[PDB]
């Protein structure tokens, strides 16, 4: 492992914190944050199998049809690094992956921080997720119709802000670097996922950070996690817009993340 997932361990701080990334980017999404954590924490970063920065020659589409495959990767990495106890910070899908991995080894995680995470994006009876199946169908066909034309429109909506903004350029660049037959398939697994049954089984304390304006995650999803996670929970709304606010708005995210890391 490690090389397959580009595992990096930086810092001189007392506490171990793991940083996971969501769909479409890689560990570089934490570029603005890492310099502010190395004095206080020992940071381990890694890339999910199937990202642009990884070698997905023989990608097992069965292993990653559920988020368990990503969760086992995280555990194997922490196992390989001989990590017995750490704080986990998961952005977007890596939030649910840490929660799912904590079900398997809750002693390894003292604290979980989710950022722009969601256990389900489709709507349902008495559950607002943000999307309908026909909203997903159009996106999946648009990604296969012209993947590059889709990325040019999706990255401005995921990050928010201008098409010319630096976070948009970076995310669209990493989003476009995914091998197309993997990006569509992984976007299907993620966008159609439903991890609400798992949430009550979580006992690790979870700090749910969430942008007030997140197009992939409505505000109501933050309160749902607060009430659905079986362990202690707190919710802090970030005064930002976007799915990747640690990239677009690090000036605001960093003090909030460190405050939850230290408290």
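Numbering follows the first chain given and starts at 1.
Trainee: 30-38 versus 52-60: which one carries the higher mean Cα B factor per the record?
Mentor: Averaging CA B-factors over each stretch, the winner is 52-60.
Trainee: Can you tell me whether 99-107 has a higher mean C-alpha B factor than 143-151 in this record, or the other way round?
Mentor: Mean C-alpha B-factor is greater for 143-151.
Trainee: Out of 92, 193, 137, 123, which residue has the highest Cα temperature factor in the PDB record?
Mentor: Comparing C-alpha B-factors across 92, 193, 137, 123, the maximum falls on 137.
Trainee: Per the PDB entry, which option out of 234, 225, 44, 219 has the greatest Cα B factor?
Mentor: If I rank 234, 225, 44, 219 by C-alpha B-factor, first place goes to 219.
Trainee: In terms of the CA temperature factor given in the entry, to which third of its chain does residue 113 belong: lowest, middle or highest?
Mentor: Its C-alpha B-factor belongs to the lowest third of this chain's values.
Trainee: Within this chain's modelled residues, let me know which third the CA B factor of residue 171 belongs to: lowest, middle or highest.
Mentor: Middle third.
Trainee: So where's residue 87 on the chain's Cα temperature factor ranking, which third?
Mentor: Answer is lowest: the recorded C-alpha B-factor places it there.
Trainee: What third of the chain does residue 177 rank in for C-alpha temperature factor, lowest, middle or highest?
Mentor: For residue 177, whose C-alpha B-factor we compare with every modelled residue in the chain, the answer is the lowest third.
Trainee: Taking the chain's C-alpha temperature factors as the reference, tell me which third residue 261 falls into: lowest, middle or highest.
Mentor: Within its chain, residue 261 is a lowest-third residue by C-alpha B-factor, going by the deposited values.
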